[PDB]
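K.L.:
Just dropping this structure here.
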Amino acid sequence: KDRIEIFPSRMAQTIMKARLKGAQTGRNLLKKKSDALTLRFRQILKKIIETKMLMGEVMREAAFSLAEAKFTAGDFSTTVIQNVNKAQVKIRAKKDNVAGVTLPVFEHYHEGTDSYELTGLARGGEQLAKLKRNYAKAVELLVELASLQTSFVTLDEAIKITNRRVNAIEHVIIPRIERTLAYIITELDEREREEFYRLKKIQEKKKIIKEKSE
Amino acid sequence: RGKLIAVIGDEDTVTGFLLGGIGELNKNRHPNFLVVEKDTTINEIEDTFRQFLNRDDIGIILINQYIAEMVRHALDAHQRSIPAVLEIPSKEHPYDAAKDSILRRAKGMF
Amino acid sequence: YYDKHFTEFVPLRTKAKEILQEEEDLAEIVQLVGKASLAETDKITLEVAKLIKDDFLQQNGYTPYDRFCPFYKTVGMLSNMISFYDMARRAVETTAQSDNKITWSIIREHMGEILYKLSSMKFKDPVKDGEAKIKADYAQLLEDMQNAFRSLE
Amino acid sequence: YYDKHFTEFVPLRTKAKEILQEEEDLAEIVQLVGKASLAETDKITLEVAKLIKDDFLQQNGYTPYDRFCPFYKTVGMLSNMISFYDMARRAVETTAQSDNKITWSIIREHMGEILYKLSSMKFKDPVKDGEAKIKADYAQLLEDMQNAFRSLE
Amino acid sequence: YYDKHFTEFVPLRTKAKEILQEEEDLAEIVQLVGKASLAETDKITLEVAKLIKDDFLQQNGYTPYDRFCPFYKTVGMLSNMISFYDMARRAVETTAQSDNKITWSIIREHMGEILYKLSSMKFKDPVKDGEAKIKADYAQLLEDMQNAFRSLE
Amino acid sequence: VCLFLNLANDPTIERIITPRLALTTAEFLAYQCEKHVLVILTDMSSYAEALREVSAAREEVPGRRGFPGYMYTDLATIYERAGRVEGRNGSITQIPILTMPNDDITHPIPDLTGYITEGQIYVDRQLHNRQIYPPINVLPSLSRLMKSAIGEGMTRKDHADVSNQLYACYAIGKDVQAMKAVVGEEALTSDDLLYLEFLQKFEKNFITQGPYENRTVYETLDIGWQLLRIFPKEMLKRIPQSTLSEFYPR
């Protein structure tokens with residue numbers, strides 16, 4: 001509660017002082033972990049905002065390219081949506097050891113299975129081909145973008161856990177060690193005093209005996 | 001092999017990505033995508049979104065912003081990392097910026 | 001002595017000590033964790049332990065109702081508090097692996113009237129309301145709990 | 001005395017003390033971060049220091065093999081363990097920032113039997129076994145380690 | 001004493017402590033924000049508190065002009081710095097409603113010469129520039145200062 | 001050298017006059033014969049123990065932690081018989097050497113000494129276990145008179161500047177080393193790596209010396225610069241540009 005409740009002793013002083021040094025060292029090392037996570041978090045934040053901005057422009061261009069494909073082809077969306085079987089793009093999970101914390105990152109995997117070739121409506125193949133490329137690039141950006149968000153909220157959780165532990169060391173564990181140590185120091189001086197009293201009285205009693213002998 | 005990307009969006013958005021080479025059928029003939037039409041209700045969108053969250057094969061989910069507002073409670077309720085959800089501007093709805101889940105997840109960003 | 005006159009008192013005494021000790025064992029770590037890693041079975045212990053602490057262990061000796069606490073009242077209201085613990089702990093233990101887990105927030109909102117009634121058990125004034133009314137009152141709280149649990153689980 | 005008779009002990013003694021003290025400092029952080037981030041050299045120091053703590057500085061004095069370990073044997077044992085350390089440290093630092101990066105995991109898998117032999121040196125059993133053989137046996141361990149690292153690099 | 005001889009000293013030292021204390025109180029907000037999500041009125045406090053810390057509370061005794069600061073100079077310097085503070089707070093607050101507002105960046109860029117003149121006040125050597133001249137220069141600074149703010153409204 | 005040896009098995013009262021005889025000689029040599037005397041008093045903790053024995057012989061009631069209540073004035077009586085005097089060219093310095101019981105600087109022996117001395121050298125244990133000799137830790141040490149000891153006309157112009165920069169670089173190197181243990185080698189930037197290079201070479205070249213290598217003040221400073229030239233000029237924030245332009249190159 002308020003004290004570790006170790007009986008006052010010189011041994012307790014040594015243990016408590018070593019315990020305090022350990023707690024202070026842990027506090028400083030965890031504070032550095034938090035600072036490293038906070039810098040990385042903010043960096044991820046800078047890239048994610050700029051990436052989010054870029055995503056806007058890239059998706060706009062892809063959406064426009066679709067308009068051109070539709071202009072030429074007419075209604076290709078019906079065939080594309082219905083005639084779906086296997087993917088050409090797949091995402092493999094990878095681990096990135098950014099710091100003590102390990103974060104999940106996505107990695108783009110070009111599986112290789114061929115996409116559908118469609119020249120059925122007005123044979124608008126070139127516009128569909130440019131459209132494939134524009135969205136293909138869009139997906140690659142988005143994959144990167146998820147590795148931002150998927151590696152980001154995990155940093156916010158890691159920071160909250162680290163800071164909570166650091167705060168407890170600072171607000172709970174060390175104050176408690178310092179109160180215990182100060183308690184020990186005071187009680188040991190109290191024991192020193194009662195020894196002083198008895199020794200002083202012993203010296204006076206010896207003096208009285210000596211006077212009686214004269 | 002590892003993970004697929006699920007897409008929930010309007011006709012043009014889904015069509016674009018499918019041409020992008022992303023999206024496929026599962027072994028149970030289920031599709032990892034939904035086309036959201038004007039006649040599609042909230043329960044159907046949410047049921048699809050959740051089922052992707054409960055599927056171990058998906059992971060990144062791509063949605064339109066306007067949809068994110070339609071079923072917004074389902075985007076904040078689940079906090080993990082599999083379901084990395086990216087919100088993209090629809091053909092006509094304008095550039096996203098506000099009400100981004102991640103932008104909220106950090107309150108220190110302009 | 002207790003077996004001769006009461007019987008129910010001793011297992012209630014044991015369960016009460018286990019709840020209070022378990023809460024202390026948790027409080028040591030909760031101060032550091034922030035109630036983030038607690039299981040639903042542990043949150044029940046923590047809040048029932050509060051119920052015991054605030055309503056059972058403390059009493060205002062300068063009131064007409066807490067100036068004297070006849071033994072039959074102490075064991076009576078303790079039985080209800082422990083009965084709640086066992087029923088609330090069962091409610092989550094039988095549902096945690098199902099398709100809907102009865103978390104503390106669900107039982108807390110569903111049975112808020114029971115938690116208030118349990119806290120009111122101190123305000124019985126044994127001089128004005130004698131043993132017969134107090135025992136009948138506590139029996140009603142037990143029935144109210146059982147009926148609310150049947151509607152919950 | 002040591003320089004007259006052995007010539008090897010003084011520098012082995014210095015390196016052994018460096019390893020044990022470095023281990024204590026690395027232990028302080030490992031207990032905190034769980035080895036999430038360590039330099040490859042630091043990983044070797046921790047693992048060789050465990051080899052030393054368990055298979056050099058620890059002995060059962062009621063066994064025929066460790067009732068008394070003659071100094072020539074003590075030096076033999078330490079010479080091999082440090083020789084391993086230097087070769088393991090050289091290999092990972094020499095191949096660092098290149099293509100065929102060598103790590104501890106690669107060394108342990110490549111020459112796992114070398115660590116077993118090093119951990120077995122306490123069992124050569126002096127007096128029952130001869131001085132000439134024990135020296136020859138430790139010489140063989142050194143030759144095997146040198147060939148094991150040569151083939152790894 | 002202060003009322004009889006200087007009159008304005010007492011409210012000035014009160015405001016000075018408030019500005020300096022607020023700079024400390026804002027320290028946590030600045031550390032976690034970087035002066036981005038920060039009120040323009042707080043930016044005035046931070047930068048003016050710096051001015052106070054730099055060109056008032058700091059004193060360089062190895063310079064012939066700063067060996068001794070007469071009281072009338074100490075209150076002169078503080079009066080003009082706080083008078084600036086008050087004008088800067090009003091410039092932002094009275095225009096902060098909508099459409100066309102004043103910010104600290106606008107004030108600092110707009111009247112950079114005035115902020116410099118405030119810092120320059122410590123160089124008024126009492127040995128060569130008499131009481132009337134230094135007070136006159138400080139009075140002119142106040143007028144130049146208030147007029148610079150006037151152009152912003 | 002004038003050497004006084006009071007052995008552990010010698011009379012304990014003789015241990016009390018031993019430093020008084022050494023200082024009496026130092027005062028004669030220094031102040032009457034116009035020369036500079038360095039006085040080294042080794043194991044003042046053993047002196048303090050002999051003083052406690054004398055107190056018991058007088059049947060005095062022990063003071064704080066068993067030591068005499070006059071331990072303060074007794075240590076001052078020894079220590080303060082040193083320094084320069086007006087009108088004479090002699091001087092006495094002292095380097096008392098004290099063992100800290102239980103390695104606690106709070107103990108009355110180092111506490112009462114430090115309270116009446118000017119700074120401390122401070123020998124550590126970690127540096128010793130790492131087989132560094134001498135094992136002297138520069139971070140917790142202090143010499144309050146260094147400001148007057150060094151500088152043009154006494155050692156070299158750049159002495160004060162080299163010391164301050166080396167202290168900052170060592171403190172930072174230790175701080176970066178602590179960070180490395182948390183974030184790893186790949187998470188460090190170029191400046192951090194330079195501080196780690198300094199830290200390793202500082203201890204190997206500057207602190208590690210050996211018992212038979214005598215490094216004069218000018219060679220020590222030159223070694224300092226060799227370590228400081230690890231960093232580009234702009235990182236040496238505590239050295240004025242005039243000093244850098246004179247000493248930094250070459």
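Naming works like this for the structure tokens: A, B, ... for the chains as they're shown, residue 1 at the start of each chain, ligands 1 onward in shown order.
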Against chain F, which residues of chain D fall within 9 Å? For each one I want the closest pair of atoms and the distance in Å (one decimal), counting only C-alpha atoms, rows by chain and increasing residue number, as a tab-separated table.
P.N.:
```
residue	atom	partner	partner_atom	distance
D:14	CA	F:131	CA	6.7
D:15	CA	F:131	CA	8.6
D:17	CA	F:129	CA	6.5
D:18	CA	F:130	CA	4.9
D:19	CA	F:130	CA	8.3
D:20	CA	F:129	CA	8.6
D:21	CA	F:129	CA	6.2
D:22	CA	F:130	CA	7.6
D:26	CA	F:181	CA	7.9
D:29	CA	F:181	CA	6.9
D:30	CA	F:181	CA	8.6
D:33	CA	F:182	CA	7.0
D:35	CA	F:182	CA	8.9
D:36	CA	F:182	CA	7.9
D:37	CA	F:184	CA	4.9
D:38	CA	F:184	CA	5.8
D:39	CA	F:185	CA	6.5
```
K.L.:
Selection from above, C-alpha atoms, as an mmCIF file, in the first residue's frame, can you write it?
P.N.:
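Final output, saved to out-v5.cif:
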```cif
data_model
loop_
_atom_site.group_PDB
_atom_site.id
_atom_site.type_symbol
_atom_site.label_atom_id
_atom_site.label_comp_id
_atom_site.auth_asym_id
_atom_site.auth_seq_id
_atom_site.Cartn_x
_atom_site.Cartn_y
_atom_site.Cartn_z
ATOM 1 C CA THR D 14 40.690 -10.901 -19.100
ATOM 2 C CA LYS D 15 38.237 -11.894 -21.827
ATOM 3 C CA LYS D 17 35.696 -11.247 -17.058
ATOM 4 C CA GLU D 18 34.651 -8.940 -19.894
ATOM 5 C CA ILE D 19 32.050 -11.433 -21.072
ATOM 6 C CA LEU D 20 30.506 -11.942 -17.628
ATOM 7 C CA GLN D 21 30.200 -8.213 -16.961
ATOM 8 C CA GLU D 22 28.801 -7.513 -20.435
ATOM 9 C CA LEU D 26 22.657 -7.068 -21.357
ATOM 10 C CA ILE D 29 17.805 -4.742 -20.618
ATOM 11 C CA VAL D 30 16.735 -8.200 -21.816
ATOM 12 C CA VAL D 33 12.468 -5.642 -23.624
ATOM 13 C CA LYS D 35 15.402 -9.482 -26.722
ATOM 14 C CA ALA D 36 13.191 -7.589 -29.205
ATOM 15 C CA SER D 37 16.254 -5.682 -30.448
ATOM 16 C CA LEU D 38 19.808 -6.941 -29.955
ATOM 17 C CA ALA D 39 22.997 -6.636 -31.943
#
```
K.L.:
Over all Cα atoms in order, fit chain E to chain D and jot down the RMSD to one decimal place.
P.N.:
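The root-mean-square deviation of C-alpha positions is 0.8 Å.
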K.L.:
Which polymer residues have any atom within 10 Å of an atom of range 150-165 of chain A, counting only C-alpha atoms, with same-chain residues fewer than 3 positions away left out, as a ChimeraX atom specification?
P.N.:
/A:26-27,30-31,33-38,40-42,44-45,48,95-96,98,100-106,143-147,168-172 /B:59-60,79-85,102,105-106 /C:32-34
K.L.:
Contacts of residue 22 in chain F at 10 Å or less, counting only C-alpha atoms, minus same-chain residues fewer than 4 places along, as an MDAnalysis selection string?
P.N.:
chainID F and resid 2:4 17:18 26:27 39:41
K.L.:
Show me, as an mmCIF file with N, CA, C and O atoms, in the first residue's frame, the residues that have an atom within 10 Å of residue 132 in chain A when counting only C-alpha atoms, minus same-chain residues fewer than 2 positions from it.
P.N.:
```cif
data_model
loop_
_atom_site.group_PDB
_atom_site.id
_atom_site.type_symbol
_atom_site.label_atom_id
_atom_site.label_comp_id
_atom_site.auth_asym_id
_atom_site.auth_seq_id
_atom_site.Cartn_x
_atom_site.Cartn_y
_atom_site.Cartn_z
ATOM 1 N N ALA A 62 -7.838 7.315 -61.851
ATOM 2 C CA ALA A 62 -8.361 5.996 -62.176
ATOM 3 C C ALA A 62 -9.846 6.061 -62.469
ATOM 4 O O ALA A 62 -10.333 5.408 -63.396
ATOM 5 N N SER A 65 -10.329 7.500 -65.913
ATOM 6 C CA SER A 65 -9.986 6.515 -66.928
ATOM 7 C C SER A 65 -11.136 5.544 -67.149
ATOM 8 O O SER A 65 -11.392 5.107 -68.278
ATOM 9 N N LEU A 66 -11.859 5.217 -66.082
ATOM 10 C CA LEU A 66 -13.035 4.370 -66.227
ATOM 11 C C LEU A 66 -14.066 5.016 -67.131
ATOM 12 O O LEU A 66 -14.719 4.335 -67.923
ATOM 13 N N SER A 115 -5.549 -11.737 -65.924
ATOM 14 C CA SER A 115 -6.884 -11.096 -65.818
ATOM 15 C C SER A 115 -7.710 -11.400 -67.070
ATOM 16 O O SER A 115 -7.125 -11.834 -68.081
ATOM 17 N N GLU A 126 -8.064 -0.943 -75.770
ATOM 18 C CA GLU A 126 -6.982 -0.029 -75.314
ATOM 19 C C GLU A 126 -7.398 0.730 -74.054
ATOM 20 O O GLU A 126 -6.565 0.854 -73.135
ATOM 21 N N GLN A 127 -8.635 1.220 -74.025
ATOM 22 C CA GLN A 127 -9.082 2.020 -72.861
ATOM 23 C C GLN A 127 -9.158 1.092 -71.647
ATOM 24 O O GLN A 127 -8.752 1.518 -70.552
ATOM 25 N N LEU A 128 -9.615 -0.147 -71.852
ATOM 26 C CA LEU A 128 -9.689 -1.126 -70.740
ATOM 27 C C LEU A 128 -8.268 -1.444 -70.280
ATOM 28 O O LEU A 128 -8.062 -1.603 -69.067
ATOM 29 N N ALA A 129 -7.336 -1.569 -71.224
ATOM 30 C CA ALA A 129 -5.927 -1.855 -70.886
ATOM 31 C C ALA A 129 -5.332 -0.701 -70.078
ATOM 32 O O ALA A 129 -4.673 -0.976 -69.061
ATOM 33 N N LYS A 130 -5.581 0.540 -70.497
ATOM 34 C CA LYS A 130 -5.079 1.675 -69.685
ATOM 35 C C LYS A 130 -5.805 1.653 -68.342
ATOM 36 O O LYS A 130 -5.152 1.920 -67.317
ATOM 37 N N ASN A 134 -4.231 1.710 -64.515
ATOM 38 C CA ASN A 134 -4.464 2.787 -63.563
ATOM 39 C C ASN A 134 -4.951 2.228 -62.237
ATOM 40 O O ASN A 134 -4.489 2.636 -61.165
ATOM 41 N N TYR A 135 -5.867 1.267 -62.288
ATOM 42 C CA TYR A 135 -6.340 0.673 -61.049
ATOM 43 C C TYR A 135 -5.310 -0.262 -60.436
ATOM 44 O O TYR A 135 -5.244 -0.375 -59.212
ATOM 45 N N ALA A 136 -4.513 -0.906 -61.288
ATOM 46 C CA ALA A 136 -3.437 -1.782 -60.777
ATOM 47 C C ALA A 136 -2.538 -0.938 -59.881
ATOM 48 O O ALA A 136 -2.226 -1.371 -58.758
ATOM 49 N N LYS A 137 -2.161 0.240 -60.373
ATOM 50 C CA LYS A 137 -1.311 1.133 -59.594
ATOM 51 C C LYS A 137 -2.040 1.588 -58.342
ATOM 52 O O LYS A 137 -1.451 1.691 -57.256
ATOM 53 N N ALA A 138 -3.339 1.838 -58.477
ATOM 54 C CA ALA A 138 -4.121 2.284 -57.336
ATOM 55 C C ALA A 138 -4.077 1.255 -56.222
ATOM 56 O O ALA A 138 -3.966 1.605 -55.047
ATOM 57 N N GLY B 16 -13.776 -1.209 -61.367
ATOM 58 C CA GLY B 16 -12.411 -0.764 -61.581
ATOM 59 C C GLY B 16 -11.413 -1.700 -60.934
ATOM 60 O O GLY B 16 -10.444 -2.143 -61.560
ATOM 61 N N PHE B 17 -11.659 -2.052 -59.680
ATOM 62 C CA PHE B 17 -10.687 -2.880 -58.978
ATOM 63 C C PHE B 17 -10.621 -4.283 -59.570
ATOM 64 O O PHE B 17 -9.537 -4.867 -59.674
ATOM 65 N N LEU B 18 -11.791 -4.807 -59.934
ATOM 66 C CA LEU B 18 -11.850 -6.182 -60.480
ATOM 67 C C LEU B 18 -10.937 -6.213 -61.699
ATOM 68 O O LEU B 18 -10.195 -7.193 -61.857
ATOM 69 N N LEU B 19 -10.988 -5.157 -62.510
ATOM 70 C CA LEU B 19 -10.076 -5.066 -63.676
ATOM 71 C C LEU B 19 -8.655 -4.892 -63.150
ATOM 72 O O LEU B 19 -7.712 -5.330 -63.831
ATOM 73 N N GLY B 20 -8.526 -4.280 -61.974
ATOM 74 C CA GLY B 20 -7.228 -4.119 -61.355
ATOM 75 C C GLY B 20 -6.609 -5.455 -61.015
ATOM 76 O O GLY B 20 -5.438 -5.526 -60.636
ATOM 77 N N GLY B 21 -7.381 -6.528 -61.152
ATOM 78 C CA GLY B 21 -6.881 -7.865 -60.903
ATOM 79 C C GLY B 21 -7.140 -8.381 -59.504
ATOM 80 O O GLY B 21 -6.746 -9.496 -59.156
#
```
K.L.:
Which residues come within 10 Å of residue 122 in chain A, counting only C-alpha atoms, excluding same-chain residues fewer than 5 positions away, as number ranges by chain?
P.N.:
A: 71-76
K.L.:
Compile the contact shell of residue 137 in chain D as a ChimeraX atom specification: residues with an atom at most 12 Å away, counting only C-alpha atoms, same-chain residues fewer than 5 positions apart removed.
P.N.:
/D:73,76-77,80,117-118,120-125,129-132,142-144
K.L.:
Taking into account only C-alpha atoms, which residue in the set A:16, A:67, A:99, A:23 is nearest to chain B?
P.N.:
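Checking each of A:16, A:67, A:99, A:23 against chain B, counting only C-alpha atoms, the winner is A:67.
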K.L.:
As a PDB file with N, CA, C and O atoms, in the first residue's frame, could you give me every residue of chain B near chain E (at most 10 Å apart, counting only C-alpha atoms)?
P.N.:
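New file selection-v9.pdb:
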```pdb
ATOM      1  N   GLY B 108      -3.825  14.012 -32.819  1.00  0.00           N
ATOM      2  CA  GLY B 108      -2.753  15.018 -32.961  1.00  0.00           C
ATOM      3  C   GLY B 108      -2.416  15.370 -34.397  1.00  0.00           C
ATOM      4  O   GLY B 108      -1.317  15.900 -34.623  1.00  0.00           O
ATOM      5  N   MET B 109      -3.307  15.065 -35.339  1.00  0.00           N
ATOM      6  CA  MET B 109      -2.978  15.264 -36.771  1.00  0.00           C
ATOM      7  C   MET B 109      -3.913  16.320 -37.355  1.00  0.00           C
ATOM      8  O   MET B 109      -5.136  16.159 -37.213  1.00  0.00           O
ATOM      9  N   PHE B 110      -3.336  17.345 -37.986  1.00  0.00           N
ATOM     10  CA  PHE B 110      -4.128  18.447 -38.579  1.00  0.00           C
ATOM     11  C   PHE B 110      -5.480  17.903 -39.042  1.00  0.00           C
ATOM     12  O   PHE B 110      -6.490  18.384 -38.503  1.00  0.00           O
TER      13      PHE B 110
END
```
K.L.:
When DSSP is applied to the backbone of this structure, which of range 9-125 of chain F are assigned strand (DSSP E)? Write them out as a PyMOL selection string.
P.N.:
chain F and resi 36-39+83-84+91-94
K.L.:
Hey, which of A:29, A:177, A:139, A:20 ends up closest to chain D? Count only C-alpha atoms.
P.N.:
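Residue with the minimum atom-to-atom distance to chain D: A:29.
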